[PDB]
Amino acid sequence: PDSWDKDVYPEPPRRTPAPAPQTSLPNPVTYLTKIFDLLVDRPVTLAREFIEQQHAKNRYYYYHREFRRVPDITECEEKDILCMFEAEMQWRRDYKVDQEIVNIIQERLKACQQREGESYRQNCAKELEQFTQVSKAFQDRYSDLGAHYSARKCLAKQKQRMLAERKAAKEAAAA
Amino acid sequence: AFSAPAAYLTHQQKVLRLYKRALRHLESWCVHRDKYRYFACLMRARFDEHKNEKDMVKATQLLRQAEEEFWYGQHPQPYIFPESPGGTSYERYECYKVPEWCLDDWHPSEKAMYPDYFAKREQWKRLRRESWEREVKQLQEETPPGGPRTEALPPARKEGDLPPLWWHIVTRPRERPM
Amino acid sequence: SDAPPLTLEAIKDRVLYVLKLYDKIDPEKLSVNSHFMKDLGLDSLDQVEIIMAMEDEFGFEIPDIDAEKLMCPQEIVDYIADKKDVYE
Amino acid sequence: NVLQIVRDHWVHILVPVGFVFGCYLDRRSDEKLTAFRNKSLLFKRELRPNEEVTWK
Amino acid sequence: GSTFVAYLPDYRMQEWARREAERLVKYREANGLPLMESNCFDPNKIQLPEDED
Amino acid sequence: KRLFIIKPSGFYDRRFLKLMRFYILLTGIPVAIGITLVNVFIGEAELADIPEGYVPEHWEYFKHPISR
Amino acid sequence: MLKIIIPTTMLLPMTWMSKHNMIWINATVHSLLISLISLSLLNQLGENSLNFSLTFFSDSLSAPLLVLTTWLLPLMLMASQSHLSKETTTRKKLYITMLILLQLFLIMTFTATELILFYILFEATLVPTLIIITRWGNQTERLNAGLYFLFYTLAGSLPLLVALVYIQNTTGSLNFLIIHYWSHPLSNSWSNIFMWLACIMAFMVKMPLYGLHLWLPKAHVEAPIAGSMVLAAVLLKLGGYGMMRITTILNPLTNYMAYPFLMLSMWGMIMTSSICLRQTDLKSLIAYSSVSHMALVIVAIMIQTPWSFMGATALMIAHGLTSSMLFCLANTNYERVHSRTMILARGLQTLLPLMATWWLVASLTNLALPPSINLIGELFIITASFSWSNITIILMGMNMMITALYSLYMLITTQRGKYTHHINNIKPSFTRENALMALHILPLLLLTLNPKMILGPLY
Ligand SMILES: CCCCCCCCCCCCCCCCC[C@@H](O)O[C@H](CO[C@H](O)CCCCCCCCCCCCCCC)COP(=O)(O)OCC[N+](C)(C)C
Ligand SMILES: CCCCCCCCCCCCCCCCC[C@@H](O)O[C@H](CO[C@H](O)CCCCCCCCCCCCCCC)COP(=O)(O)OCC[N+](C)(C)C
Ligand SMILES: CCCCCCCCCCCC(=O)SCCNC(=O)CCNC(=O)[C@H](O)C(C)(C)COP(=O)(O)O
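Chains as they are written, first to last, in the numbering used here: chain A, 1 to 175; chain B, 1001 to 1178; chain C, 2001 to 2088; chain D, 3001 to 3056; chain E, 4001 to 4053; chain F, 5001 to 5068; chain G, 6001 to 6459.
Right, dumping it as structure tokens:
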């Protein structure tokens, strides 16, 4: 349905085979689905139609809240408490959004594994690669901060990683 | 379980107990009835061979060898009656046994049902109450001055007496209460 | 349902039945109040065998301290009745 | 007759009255921390043609 | 109280975070950028010490 | 034949269970009926974009009517 | 947040102005109303706390504790009116006053923005508890217990005070927000080591830590039922809350200063779980159970990870509810038979079936059956410890077995078997006791339904 974007949560084109009977005996599954349809699916559809008719007469809306971008922790003086507070809150919001991104990728991976059946080791390599990249980036960003994490500790971790990478590059250029 | 124990078991009592245990374990070994009867007769002859020993020391020494032989040749998994202290139903119904004094705490609505039963209960309680002073005095009279020496209790001897300490023996819950 | 409500008459009948199949007692000479050592001339081993036969017949064990005291068929019937909560 | 009822059950308004007094004191405390009202970089906003303050 | 707690408004911003993540995933997948970056801060605003020797 | 079965007093446990059920239902059946009525006749808000120049109230950022 | 503080200070004169036979009703009704009011603090944010004023604030870690305290007060009131029936009116009002003052001090402690104010309130909580224990306890050991309860606390807390003022002369502020934002690493020097010890030992002795726990069995055994309830369910969580708060300024010293305390916590958790296996006193068994659970919480706080903090918060809430229920269940039997020996009254399932059901549910929750919040906290802590070091799964696993054993042991000792013959004064369970059990147990599963309310700020 149009409830969720089909780009963020993609799916294959869903090819299914046609019924090709070969036996003269009746298919009990066919009569069972017909009975289930006529006995369950239609009253439920009528109830849902009534509920949606009632909902259509009372239409009100809710909105996604928008947040501006404030200066980061790098643009804050050492003891400026107000800027530190705003940057810290922005960092926490970004951390939550990154967690949800990882959640989306993991849901994609799980759905692929269930969907592809017995070919999942070959037919879901792309989802595994996306999860590998996202997990590596997330681990480099937020791992080992521990309880009492903050934007300052994340910045210190990034600076340490940057120093290590710069030293490695400068010594490799010497080779 | 009903009889008061003694300070010790006599030699004859020990011999009889060993005889019964040997017969039961031999039956556990010999499943079929005819084979069991054959070997039980053999065991009976073996027992009554040394029945007439006037030397008590040699008798107790023979009993010692008998116990050693029984312990070596006992059945590892002897047959136990289901309600015996080793059986599969030993204490199966103990969870259904409720003491009678609990009925004293029933709500009057519960006691509204079964009126005649509670009338009989009142009669029994009155009889116990009347009986208690006499039961205590009889136990006081019949006790040796150096305290009781066994766990046996005297019967009732007077015209309308009751045997002392009878309430909890008479009002046992049941063997199959619920 | 389950087993019928065993009665005193049934217990006495079963005990006398078991005793009358014993080769060492005379069925005519045996009565409900006949003593094992006095009237019937049995020894302690025969009494143990009789107790074991009663145990087999009724399917429950009698402790040795209690079994030592039962000397007449009436006593055996009474012990069984008090053990199994039989009053009629 | 309400005299006895009141003199017996007037202790039942102390806690609700304390609740209302606490709410009022919380509002009084809130009114003394408005130095940054509509001044944060994240929530700074233009006033509506009628409203005077973004929050109380 | 259980009814009140069950219907507490989402002040933890879970649904908002999910929608923000959906937007960002859609954008970065459409334009081919990586889904996440190992750096949470732009290196242009970070000034490393001049000398490492 | 029928005998008397000795049991502890079952009046008080039954009374407590009945009272607890009565009070829980007394306050919870109206709550369930009201929740069902609200769900049926006042559905959830539909997600939409903020129109230009509009500043929504805070409770407008939630979707369920009871939460709002 | 004065909307919660003021109604308790109003509970005070309402109790002191009540008619002689209406104190319990008024106190219970208005305490339940105050709990309903305090229920609104569960609506927390995802980024920062609820900064009500310069003095008080509410966080996702303190709101469940406040709700638990305000919910526990009425339960204490119901559990206390049985054994205080023969008391005079003035002494009953004094007892209720002690309970109300304890609740007020705990409420102000859990929301103080300032560490010295937190110290003052967290130390003020001693006086009502000490008075309750030494005045309304039953046996002559109570006096000694009070002393053991007092100095054990004070010897741990007086150094902390010094450390606190020292910090305020160095950083200039003890406000928690400024302390968090202006945090700086602790160097590796002897002075910093002793400052760490001074900041930690008070909360470690209030947990209590293994080896420092000797006061707890005395205090929880000689106290009245309400005293035991408040000591086990809330007053032990002061140490956990204080450690979670104060650890923000102790990094990275903790990285190696936690080794002796981690070792003590794990081995003493095993030791106290084993001690529970041979206990002739039923109250002491519950006390040592509390010691084991709090050792687990100490490990979780000491390893300093988000999953550990979540599990620790859930475990504190679940342990508070469960231990209070267990103490009340034991007190019912004590009031019936006037003895605390576990093997005295046996086979109580035959005589009290609904009480046996309450016992079964309490024991099942004590051994962390899924999906109870006890299990959620324990499993989160165990996963965090496994990440810390794979070998911990041995010791933790050991504890998981032992707990179950002793838990079921208690049940099998008290409810199953055959009833004692000479005990004939076991009356049917009152509606008050059944209601107490239900009000203890229903919130546990209701929180199981929505577990994110007790998972703390790291959620
Ligand atoms: C006596 C015999 C009993 C047996 C028979 C019983 C008959 C059936 C009754 C049992 C019910 C079965 C449970 C099945 C689950 C249905 C309920 C569930 O769906 O509700 C949850 C809701 O549960 C509540 O959130 C949990 C209740 C809160 C608990 C607070 C306890 C009250 C406070 C008292 C003091 C607390 C002390 C402890 C300190 C913390 C849903 O959570 P959520 O995913 O969100 O909902 C999403 C949709 N919303 C948000 C729009 C609502
Ligand atoms: C009953 C239970 C109560 C609770 C128990 C609480 C546990 C408290 C234990 C304190 C933990 C550690 C304390 C000090 C940290 C290191 C300990 C020491 O052994 O390590 C070496 C210390 O070296 C030597 O051990 C010197 C210390 C020897 C003197 C200490 C006395 C120890 C005796 C133990 C008595 C038991 C104490 C508890 C009494 C109740 C490290 O070498 P060094 O690099 O140089 O010191 C680091 C500090 N620097 C960086 C400033 C230099
Ligand atoms: C299954 C494997 C285990 C096999 C164990 C069995 C093997 C051991 C069999 C041999 C042991 C003996 O005979 S040991 C023989 C012990 N010697 C004596 O007893 C001599 C004195 N006689 C008496 O005491 C009484 O006459 C008494 C005999 C009790 C009769 O009692 P009553 O007349 O008043 O009923």
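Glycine included, every Cβ here is placed at the ideal spot set by N, Cα and C.
Notebook entry, point to check: For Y1019/B, does the three-state DSSP call read helix, strand or coil?
Noted result: Correct three-state label for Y1019/B: helix.
Next item on the list: Please check if any C-beta of chain A sits within less than 8 Å of the C-beta of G5043/F.
Entry: Taking Cβ atoms only, chain A reaches closer than 8 Å to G5043/F, which makes this a yes.
Checklist line | For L6130/G and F6149/G, believed in contact at Cβ under 8 Å, the rounded distance | finding: By a beta-carbon distance limit of 8 Å, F6149/G contacts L6130/G. Their separation comes to about 6 Å.
Check: Which runs of the alpha helix (DSSP H) spanning at least 4 residues fall entirely within the stretch 6020-6067 of chain G, listed in chain order?
Finding: Runs found: 6023-6038.
Next item on the list: With hydrogens ignored, establish whether the beta-carbon of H5064/F is closer than 7 Å to any heavy atom of ligand 1.
Entry: Flag set: Cβ of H5064/F near ligand 1.
Next item on the list: Taking 8 Å as the cut-off, decide whether the C-beta atoms of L6104/G and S6031/G are in contact.
Entry: Against a cut-off of 8 Å, the Cβ pair of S6031/G and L6104/G comes out as no contact.
Note to self: Please tell me whether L4033/E has its Cβ less than 8 Å away from any Cβ of chain A.
What the structure shows: It does not: the Cβ of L4033/E has no partner Cβ on chain A nearer than 8 Å.
Next item on the list: Compare the C-beta of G6320/G against all C-beta atoms of chain E and say whether one is closer than 8 Å.
Entry: For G6320/G, the answer is no, since every Cβ of chain E falls outside 8 Å of its Cβ.
Margin query: When you compare the CB of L6065/G with every CB in chain E, is at least one pair closer than 8 Å?
Written below: No, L6065/G does not count as interfacial toward chain E.
Next item on the list: With DSSP collapsed to three states, give me the class of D6281/G.
Entry: In the three-state DSSP reduction, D6281/G falls in the strand class (E or B).
Notebook entry, point to check: Between the stretch 6005-6014 of chain G and the stretch 3014-3034 of chain D, do at least 3 Cβ pairs fall closer than 8 Å?
Noted result: With a cut-off of 8 Å, the stretch 3014-3034 of chain D and the stretch 6005-6014 of chain G count as touching, because enough Cβ pairs lie within range.
Note to self: Please return the same chain residues whose Cβ sits closer than 7 Å to the Cβ of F6057/G, not counting the five positions on each side in sequence.
What the structure shows: Around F6057/G, the same chain offers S6049, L6050, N6051, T6111 and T6113 as residues with beta carbons nearer than 7 Å, after the five sequence neighbours per side are excluded.
Notebook entry, point to check: Between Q6044/G and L6106/G, what straight-line distance do the alpha-carbon atoms span, to the nearest angstrom?
Noted result: Between the alpha carbons of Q6044/G and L6106/G lies a gap of roughly 20 Å.
Notebook entry, point to check: Got a sec: is the Cβ-Cβ distance from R68/A to anything in chain D below 8 Å?
Noted result: So yes, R68/A belongs to the interface.
Margin query: Below 7 Å, is the gap between the Cβ of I81/A and the nearest heavy atom of ligand 1?
Written below: The answer is no for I81/A.
Checklist line | Neighbouring residues, chain E, relative to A137/A (Cβ below 8 Å) | finding: Identification of chain E residues near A137/A by a Cβ-Cβ cut-off of 8 Å yields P4034, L4035, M4036, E4037 and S4038, ordered along the chain.
Notebook entry, point to check: Which word fits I6381/G, buried or exposed, when buried means at least 16 other C-beta atoms lie within 10 angstroms of its C-beta?
Noted result: It counts as buried.
Check: Taking the alpha-carbon positions, what's the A1006/B to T1150/B distance?
Finding: It is roughly 7 Å from the alpha-carbon of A1006/B to the alpha-carbon of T1150/B.
Next item on the list: With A6145/G as the anchor, note down where its beta strand (DSSP E) starts and where it stops.
Entry: Careful: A6145/G lies outside any beta strand (DSSP E), inside the alpha helix (DSSP H) at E6141 to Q6168.
Notebook entry, point to check: Alpha carbon to alpha carbon, how far is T6413/G from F5004/F?
Noted result: Looking at the two C-alpha atoms, the distance is approximately 29 Å.
Check: What residues match up with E6114/G in a beta bridge as DSSP calls it?
Finding: Looking at the DSSP assignment, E6114/G forms a beta bridge with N6175/G.
Next item on the list: Quick one: which residues of the stretch 6109-6129 of chain G get their C-beta closer than 9 Å to a C-beta of chain F? List them in chain order.
Entry: Of all residues in the stretch 6109-6129 of chain G, none places a beta-carbon less than 9 Å from a beta-carbon of chain F.
Notebook entry, point to check: Using DSSP with H/G/I as helix, E/B as strand and the rest coil, what is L6212/G?
Noted result: In the displayed model, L6212/G falls within coil according to three-state DSSP, outside both helix and strand.
Notebook entry, point to check: Where does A1004/B sit, in a helix, a strand or coil, going by DSSP?
Noted result: The DSSP-derived three-state label of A1004/B is coil.
Checklist line | Positions along the stretch 3019-3032 of chain D whose CB lies within less than 7 Å of some CB in chain G | finding: So the close ones are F3019, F3021, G3022, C3023, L3025, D3026 and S3029.
Notebook entry, point to check: Along chain A, in chain order, which residues have C-beta atoms closer than 9 Å to that of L3014/D?
Noted result: Around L3014/D, no beta-carbon contact reaches into chain A at under 9 Å, the shortest distance being about 40 Å.
Margin query: Does the distance between the C-beta of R1149/B and the nearest non-hydrogen atom of ligand 3 fall short of 7 Å?
Written below: Checking the Cβ of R1149/B against ligand 3 gives no.
Item checked: Heavy atom of ligand 3 within 7 Å of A1040/B beta-carbon -> Of the heavy atoms belonging to ligand 3, none sits nearer than 7 Å to the Cβ of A1040/B.
Notebook entry, point to check: Less than 8 Å separating the beta-carbons of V6299/G and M6266/G?
Noted result: In contact: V6299/G and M6266/G (Cβ atoms closer than 8 Å).
Item checked: Nearest to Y6095/G (by Cα), restricted to the options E6141/G, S6040/G and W6024/G -> The shortest Cα separation from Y6095/G among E6141/G, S6040/G and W6024/G belongs to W6024/G.
Item checked: Closest Cα partner of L6285/G within the set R6340/G, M6243/G, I6394/G and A6233/G -> Out of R6340/G, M6243/G, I6394/G and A6233/G, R6340/G has the C-alpha closest to the C-alpha of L6285/G.
Next item on the list: Can you give me, in chain order, the residues of the stretch 162-173 of chain A that have a beta carbon less than 9 Å from any beta carbon in chain E?
Entry: Per Cβ criterion, the list reads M162, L163, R166, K167 and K170.
Check: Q6304/G versus chain A: which residues are under 7 Å apart at the beta carbon?
Finding: By Cβ distance, chain A contributes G146 and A147.
Note to self: Which residues in chain F have a C-beta closer than 7 Å to the C-beta of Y1072/B? List them in chain order.
What the structure shows: From the beta-carbon of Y1072/B, no residue of chain F is found nearer than 7 Å; the closest lies around 49 Å away.
Next item on the list: List the residues of chain G that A4006/E touches, going by C-beta distances under 8 Å, in chain order.
Entry: By Cβ distance, chain G contributes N6450.
Notebook entry, point to check: So is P6224/G buried or exposed if we call it buried at 16+ other beta carbons inside 10 Å?
Noted result: Flag for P6224/G reads buried.
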